[PDB]
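I would like the atomic coordinates for the input below:
(2 chains, ligands or ions: 4)
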Amino acid sequence: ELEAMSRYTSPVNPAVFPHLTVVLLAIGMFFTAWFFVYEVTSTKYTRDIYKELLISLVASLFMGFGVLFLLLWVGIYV
Amino acid sequence: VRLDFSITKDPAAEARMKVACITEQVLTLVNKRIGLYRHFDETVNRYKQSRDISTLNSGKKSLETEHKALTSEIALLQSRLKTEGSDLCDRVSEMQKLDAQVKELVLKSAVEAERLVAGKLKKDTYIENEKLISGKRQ
Ligand SMILES: CCCCCCCCCCCCCC(=O)O[C@H](COC(=O)CCCCCCCCCC[C@@H](C)CCCCCCCCCCCC(=O)O[C@H](COC(=O)CCCCCCCCCC)COP(=O)(O)OCC[N+](C)(C)C)COP(=O)(O)OCC[N+](C)(C)C
Ligand SMILES: CCCCCCCCCCCCCC(=O)O[C@H](COC(=O)CCCCCCCCCC)COP(=O)(O)OCC[N+](C)(C)C
Ligand SMILES: CCCCCCCCCCCCCC(=O)O[C@H](COC(=O)CCCCCCCCCC)COP(=O)(O)OCC[N+](C)(C)C
Ligand SMILES: [Mg+2]
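Residues are numbered from 1 along each chain as shown, chains lettered A, B, ... in the order given. Ligands and ions are numbered 1, 2, ... in the order given. Find the structure here:
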């Protein structure tokens, strides 16, 4: 029917979209910077593939979520 | 950052690379060894040491100094740069200073007299020698 259906409230209170956008970006950006610094300073004999993979994956995850929340914060509501 | 694509490889520019890698390794090892020695001397020689944990720390420091000596000999023989004279001098001075400071601490913590000003002077001399070694290690 239509009477026994609950209203569809958002999973994340919209007032939390700004607070969540900055943080998730900042952390992300930080890690990103680290990665790039690591790729300029370290020579061929001082590079670890597992460390690079780990830091790059963390940066990618945090950055994806931050970019989503920002894109939704401006009002595109993807 | 994994593709070379170079035709004429210059070994003179690769020698500098295989020197930089080594000196970074040695700096890490020496800083870690100094930190470990200071931490062991501060956490095992407060009021009772019994010369057992101090002996284990001395054995670990001797093994670390031996590994550093092997790395210094490797960087002296194999690579093109000298990296030996200053390195061997600093390694010998640091090993002697660490052994002397450990002996003074183990004698002051297991005697009738409690050396406080002498221990402070020993720590200050160790920090001064470490500062000179850091100025000499670039
Ligand atoms: C300052 C702190 C900032 C904190 C950031 C927090 C993020 C906050 C998001 C913004 C909030 C916006 C508020 C808002 O939206 O209000 C709305 C109104 O809506 C709007 O209309 C506003 C919309 C605006 C949105 C815009 C968002 C865009 C954000 C983009 C972000 C920024 C911050 C950073 C961009 C980075 C740029 C990259 C620069 C490139 C650098 C070039 C490198 C140069 C170089 O080559 O150097 C070399 C070294 O090589 C390298 O390794 C460099 C590689 C780097 C590559 C990338 C790394 C970058 C990392 C940076 C950290 C040097 O060369 P040498 O080495 O010397 O060469 C010598 C070589 N040899 C010869 C070998 C020696 C509110 O409106 P409202 O009313 O609320 O509307 C809502 C209404 N409803 C719709 C909801 C109904
Ligand atoms: C709608 C939203 C769309 C989002 C678009 C996303 C943009 C993606 C950005 C791409 C980033 C480019 C990566 C890059 O800069 O490559 C750098 C080389 O760095 C440099 O030398 C200078 C290049 C800087 C150019 C950056 C401009 C990018 C602008 C894109 C919008 C790698 O240089 P390295 O390989 O680290 O060189 C070091 C070599 N050693 C041996 C010394 C170690
Ligand atoms: C529109 C398409 C045009 C096709 C061009 C056909 C190319 C013919 C191939 C000839 C062989 C090229 C030799 C070559 O690649 O040399 C490259 C640097 O390369 C060059 O100098 C010029 C090669 C240009 C080819 C570009 C195609 C690259 C595609 C890669 C996916 C590197 O030269 P090096 O001298 O080793 O540079 C190293 C400098 N260090 C100081 C860092 C050591
Ligand atoms: Mg959707």
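
ligand 2 contacts on chain B?
residue B:1 (C-beta under 6 Å from any ligand atom). C-beta here means a position set from N, CA and C on the backbone, and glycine is covered the same way.

for chain B, what spans make up the helices?
B:11-44, B:53-77, B:85-108, B:117-136 (DSSP state H).

now the angle from the longest one to helix B:117-136?
Using axes from the mean of the first three to the mean of the last three C-alpha atoms, to 10 degrees, the direction of helix B:11-44 lies 170 degrees away from that of helix B:117-136.

and helix B:11-44 with ligand 3, contact?
No. Using C-beta under 6 Å from any ligand atom, helix B:11-44 stays clear of ligand 3, with a minimum separation of 7.5 Å.

for chain B, give me its nearest residue in chain A.
Taking C-beta to the nearest C-beta, chain B has its nearest neighbour within chain A at residue A:45, 3.8 Å off.

let me see the contact set for that residue.
B:17, B:18, B:21 (C-beta atoms under 8 Å, 6 or more residues apart in numbering or on different chains).

burial check on the nearest residue to the first one once chain neighbours are set aside, number of neighbours?
Read that as residue B:17. Leaving aside its chain neighbours, residue B:17 sits nearest to residue A:43 (5.3 Å; criterion: C-beta to C-beta, 6 or more residues apart in numbering or on different chains). Neighbours of residue A:43 under the rule other C-beta atoms under 10 Å in any protein chain shown: 12.

residue A:43 and residue B:23 touch, don't they?
No. Contact status for residue A:43 versus residue B:23: not in contact, 11.2 Å apart, counting by C-beta atoms under 8 Å.

residues of chain A that sit close to ligand 2?
Taking C-beta under 6 Å from any ligand atom as the contact definition, chain A meets ligand 2 at A:39, A:40.

helices of chain A, start to end?
Shown for chain A, the helices assigned by DSSP H span residues A:17-41, A:49-74.

same list, those, but as CSV with mean neighbour count please.
Listed next are those as CSV, based on neighbours: other C-beta atoms under 10 Å in any protein chain shown:
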stretch, mean neighbour count
helix A:17-41, 14
helix A:49-74, 14
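
export the ones you listed to CSV and tack on distance to residue B:4?
As requested, the helices of chain A are exported to CSV (distance: least, C-beta to C-beta, whole Å):
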stretch, distance to residue B:4
helix A:17-41, 16
helix A:49-74, 17
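
would you format the ones you listed as a markdown table with distance to ligand 3 included?
As requested, these are exported to a markdown table (distance: least, C-beta to the nearest ligand atom, whole Å):
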| stretch | distance to ligand 3 |
| --- | --- |
| helix A:17-41 | 15 |
| helix A:49-74 | 22 |
